[PDB]
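Reviewing the structure listed below.
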Amino acid sequence: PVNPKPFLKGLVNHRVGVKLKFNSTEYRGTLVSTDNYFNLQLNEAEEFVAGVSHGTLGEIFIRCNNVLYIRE
Amino acid sequence: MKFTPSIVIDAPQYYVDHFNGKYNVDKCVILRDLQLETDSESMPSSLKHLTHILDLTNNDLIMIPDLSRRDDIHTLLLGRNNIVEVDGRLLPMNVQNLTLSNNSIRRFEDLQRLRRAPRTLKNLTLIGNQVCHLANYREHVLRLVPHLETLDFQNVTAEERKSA
Amino acid sequence: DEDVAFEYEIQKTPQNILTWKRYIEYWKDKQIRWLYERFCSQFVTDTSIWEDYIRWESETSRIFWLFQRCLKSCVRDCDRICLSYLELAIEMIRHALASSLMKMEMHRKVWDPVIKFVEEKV
Amino acid sequence: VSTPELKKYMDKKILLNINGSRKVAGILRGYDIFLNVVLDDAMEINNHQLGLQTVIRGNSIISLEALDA
Amino acid sequence: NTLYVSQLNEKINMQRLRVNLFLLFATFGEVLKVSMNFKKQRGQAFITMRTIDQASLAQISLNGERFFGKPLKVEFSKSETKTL
Amino acid sequence: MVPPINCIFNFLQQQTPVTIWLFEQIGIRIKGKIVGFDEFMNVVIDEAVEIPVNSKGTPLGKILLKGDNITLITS
Amino acid sequence: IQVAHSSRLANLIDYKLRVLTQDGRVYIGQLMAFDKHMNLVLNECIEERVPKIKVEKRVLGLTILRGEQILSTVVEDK
Amino acid sequence: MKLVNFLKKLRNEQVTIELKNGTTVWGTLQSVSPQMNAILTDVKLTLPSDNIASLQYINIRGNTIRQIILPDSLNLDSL
Amino acid sequence: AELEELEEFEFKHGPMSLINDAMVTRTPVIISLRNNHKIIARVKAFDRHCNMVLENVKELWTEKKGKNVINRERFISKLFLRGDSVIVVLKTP
Amino acid sequence: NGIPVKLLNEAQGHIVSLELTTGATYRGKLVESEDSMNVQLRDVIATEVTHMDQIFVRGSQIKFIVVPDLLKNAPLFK
RNA sequence: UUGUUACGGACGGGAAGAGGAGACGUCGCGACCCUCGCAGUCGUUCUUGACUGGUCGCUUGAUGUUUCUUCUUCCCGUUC
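Chains as they are written, first to last, in the deposited numbering: chain m, 12 to 83; chain s, 1 to 50, 54 to 167; chain U, 21 to 48, 54 to 83, 89 to 121, 127 to 140, 143 to 159; chain n, 2 to 46, 53 to 76; chain r, 28 to 111; chain l, 10 to 64, 73 to 92; chain k, 4 to 55, 75 to 100; chain p, 1 to 48, 76 to 106; chain q, 16 to 108; chain o, 4 to 51, 56 to 85.
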């Protein structure tokens, strides 16, 4: 019943968790909007390098190709 | 005439020597029977174009002159020349296949430029000269030029090396 | 110096005049300009070599001097050099237009631009 | 657009060699233009079983030797 | 044009042999043939040249010349080469 | 014969157990149940647990795995 | 090295070009054909390895090169 | 629409580009394509600080070029 | 025309919106890369596939063997950074 | 259409060597060729050494495909 | 047709003494071997279809993956 793009849509204005393959760093923030090619935009972004944070970034944007997954 | 830049430019660099590499240059109207009496001047006009196979045979070249990088003239053919001495620091690693047949290399001491070959000349052959007729010449060559694999078509064996 | 080498090699043989181009494009520059001027003075009095000398010249005084140089010894490409001198003097357009009629007197459309300029001037 | 000729390899066991030093093996059931090979077996390498049928992505299938010629 | 060699050292390798041949024949004229066609070794090699004169010269001069121990038996080819 | 477009549909219908494999790290492999339907290989999967398999429980919710990053699917 | 001021891939057909690959292995070969992805058909391939100092050599192929892993081709000699 | 268009409009100007190997290579752009297939006339190379090991001509493929520099200090795209 | 023309406003709604905004009102942004890199610059142009053009480009990377961290720096300006290398961009206050 | 593809198609029933991203050099017969460069082989050797009966290869990850010296000028070009 | 745009101190090599090594392949220097010639082998029929330097040393030949863990003496070149 629940498809991917609709799930993604639902998850707008809510917390999102995303990770990368190259330089494994967990990005944590609240989602803003998405497009057909699955690029991302977050607010209140915290760059957790394997648990420990580098710094509170704020309003950020992420490309699709690097992203591993979307979680809570 | 003398080996100028214009002559080099003129030279037929179309038919590549298909045995190895590309661009088998023949300086002047024809390097075979060019009649370059002086040393090979204006080598910079070629500018390391190409084994290269710069066949400068049937000339009157007094001394062997080179001016290029480590991969610029591996299969150089200087047959039927008047090569007295071929000392130089430019062509160190490149010139492996040296066709120096029918040269004017008289003494064994004339090959002292090629001798002490561990650093002086990375590879060199030399054959068909007046120095080949001298007593214990091959042995001497073996002693000095260890890099010389093929000595006048026949190889430098282990036994030979031991002897020298 | 390679200038003496180029001059001796060019002097020992008239050898498909691009040897003067080898003396030119090596420095190309004032030495190349003087060498190409001596080349155009010595043997080659063609339109392409004079045009290359004018291209080496290419501020209105030098262009007018090159146009006076290309006015001398020009037979085949006369109307094209005439239109080129008209465009050069268009920036003494009337005197050089009469000089264009002198060098090349076929010349209807080129004279029509001077007539259009004379109409726009009024 | 053009279909890969995998009808020859139908009903034949295949020893695959996917990217990243992993030797998977299984019999071919279905195929497609993207090369997402629908195969009905999976035994990893020594040997041990981990689930029956396995559908694999097209990008991560490099080499595939047929067992039965 | 072509010159069929015979009676040479079979112990030497193919490419190397070819190279040697090339080196030898560059003094007379421009050697057209880059590699051997027969691939049998033991003397049988066809040295293809651009000019006939050059070939003739080669035949004259290198008849029974010491190349890798044995004397090479030079001779003119029966049929013309595929390249020529 | 089972084509991969209908495969997705079947998965959606059934909701079978799954063990998804990743590209970069060989050890860490995801486990859950596929739900969604899509033209691309990108599909949503509930109850995701990342297990370190030999050559033991990463906290993770209902995952949506990227279309280029799936190495294996099972049913 | 001699090479004239060429404009496009069509004008430089049938020339001995070097080719560089993603891993860093050097090639040489005469460019025979053209394609959308620059799958340049080499006339004779002499592949070369450099370990991660000095360049090695091989002589296996006379190949149809694929355009995915190519970095940048270089002209050797006409 | 696209910024390959921008690249296309540039002609006869030096630009450094850092490749996947990692070399600063200044060269003239020549006929730029929609696939970013650049061609450089004069260039400076470092085979795997930047060691000097330069060649004259080279034909670049578009997938490698990540950054470009020094066409000319000016921004214009739409026409 | 309309199939491509309707995609023009897709930047300002979706995930590129922030970058568009940045471009409009030039401000510094932190750009990351693949093989350990950190670039800082202000935005000027923008397109569909993240092939951006910037100004005042400060680079920070490492070319240190044997696990020693060395932060080298050099001023670059008016680049053309292709989208395949760009991972994360963000508008700072 | 692609000339290399055409060439490949033409060379059906010929001994063609290969090389992948990892560098596993094969050598055997060519079975079939398509628009996407998908190759299948028979009696195929493998020197990464083993001797394999058959193999199918994905087109995207191939580095280069070897062809013999026969199909050089004719009958593909003009 | 062709193009463009738009949609004395350092370093290197070789040798010796004291406390780099093993696999997988890929090309070479010797040969007691094979093989014998100018453009190879076999099927079938009076002229056509298919398939293509090998083996053994190296008595210290070259070279890419993949695991583990330097000092002294002499000789030859470059630099100050």
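Every residue, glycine too, gets a C-beta built ideally from N, C-alpha and C.
{"Item": "Alpha-carbon spacing of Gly82(s) relative to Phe55(r), whole angstroms", "Value": "9 Å"}
{"Item": "8 Å Cβ cutoff met for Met35(k) and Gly89(k)", "Value": "no"}
{"Item": "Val39(n) at chain o interface by Cβ criterion, 8 Å", "Value": "no"}
{"Item": "Three CB pairs or more closer than 8 Å across the segment 77-96 of chain k and the segment 1-15 of chain p", "Value": "no"}
{"Item": "Contacts around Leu38(U), its chain only, beta-carbon distance under 8 Å, and the 5 residues preceding and following it disregarded", "Value": "none"}
{"Item": "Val58(r) versus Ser106(r), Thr78(r), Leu89(r), residue with shortest Cα-Cα distance", "Value": "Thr78(r)"}
{"Item": "For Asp55(l), the first and last residue of its enclosing beta strand (DSSP E)", "Value": "52-61"}
{"Item": "Contact set between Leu51(m) and chain q, taken where Cβ atoms lie within less than 7 Å", "Value": "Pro30"}
{"Item": "C-beta atoms of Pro17(m) and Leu81(l) nearer than 8 Å", "Value": "no"}
{"Item": "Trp75(U): first and last residue of the uninterrupted alpha helix (DSSP H) it sits in", "Value": "72-82"}
{"Item": "Proximity to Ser9(k) [Cα-Cα], best of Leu45(p), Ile85(p), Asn102(p)", "Value": "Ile85(p)"}
{"Item": "Short CB-CB distance (under 8 Å) between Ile62(o) and chain n", "Value": "yes"}
{"Item": "Interface partners of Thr4(s) on chain U, CB under 8 Å", "Value": "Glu29"}
{"Item": "Min CB distance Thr45(m) to chain q below 8 Å", "Value": "yes"}
{"Item": "Amino acids of chain q, ordered along the chain, whose beta-carbon sits closer than 9 Å to that of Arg26(m)", "Value": "Per Cβ cutoff of 9 Å: no residues; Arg26(m) is ~17 Å from chain q at best."}
{"Item": "is_contact[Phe65(r), chain s] using C-beta, thresh 8 Å", "Value": "no"}
{"Item": "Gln91(k): contacting residues in chain o (beta-carbon distance under 7 Å)", "Value": "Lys70"}
{"Item": "Chain p contact for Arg63(q) (CB, 8 Å cutoff)", "Value": "yes"}
{"Item": "Span of the beta strand (DSSP E), counted from its first residue to its last, around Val32(r)", "Value": "30-32"}
{"Item": "Partner residues on chain l for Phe59(m), Cβ-Cβ distance less than 8 Å", "Value": "Going along chain l, no residue has its Cβ under 8 Å from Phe59(m), so there is no contact; the nearest lies around 13 Å."}
{"Item": "Under 7 Å from the C-beta of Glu35(o): neighbouring residues of chain n", "Value": "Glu6"}
{"Item": "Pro5(s) - containing beta strand (DSSP E), residue span", "Value": "Premise fails: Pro5(s) lies in the alpha helix (DSSP H), 5-10, not in any beta strand (DSSP E)."}
{"Item": "Cα-Cα separation, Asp38(k) to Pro5(n)", "Value": "21 Å"}
{"Item": "7 Å Cβ shell around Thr24(o) - same chain, five flanking residues per side excluded", "Value": "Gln68, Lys70"}
{"Item": "Sequence-distant residues of the same chain with beta carbon closer than 6 Å to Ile86(k), five excluded per side", "Value": "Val44"}
{"Item": "Interface residues of chain n facing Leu23(o) [CB-CB closer than 7 Å]", "Value": "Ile69"}
{"Item": "Residues from the segment 13-40 of chain n in contact with chain o, defined by Cβ distance under 7 Å", "Value": "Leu36"}
{"Item": "Short Cβ contact (8 Å threshold) for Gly66(o) with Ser39(o)", "Value": "yes"}
{"Item": "Proximity to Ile73(m) [Cα-Cα], best of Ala60(q), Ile46(q), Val39(q), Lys93(q)", "Value": "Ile46(q)"}
{"Item": "DSSP beta-bridge partners of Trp76(q)", "Value": "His52(q), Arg87(q)"}
{"Item": "Identified DSSP bridge partners for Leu82(l)", "Value": "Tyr80(m), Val52(l)"}
{"Item": "Span of the beta strand (DSSP E), counted from its first residue to its last, around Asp46(o)", "Value": "42-50"}
{"Item": "Residue nearest to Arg21(k) in terms of C-alpha spacing, selected from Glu47(k), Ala7(k), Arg11(k)", "Value": "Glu47(k)"}
{"Item": "Top-ranked residue by Cα proximity to residue 51(s), from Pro44(s), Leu59(s), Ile65(s), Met66(s)", "Value": "In the model shown, chain s runs from 50 to 54 with nothing in between, leaving residue 51(s) without coordinates."}
{"Item": "Closer than 8 Å to chain p by CB, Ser47(q)", "Value": "no"}
{"Item": "Contact belief for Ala57(l) with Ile43(l) at Cβ below 8 Å, rounded distance in angstroms", "Value": "About 11 Å; that fails the 8 Å criterion."}
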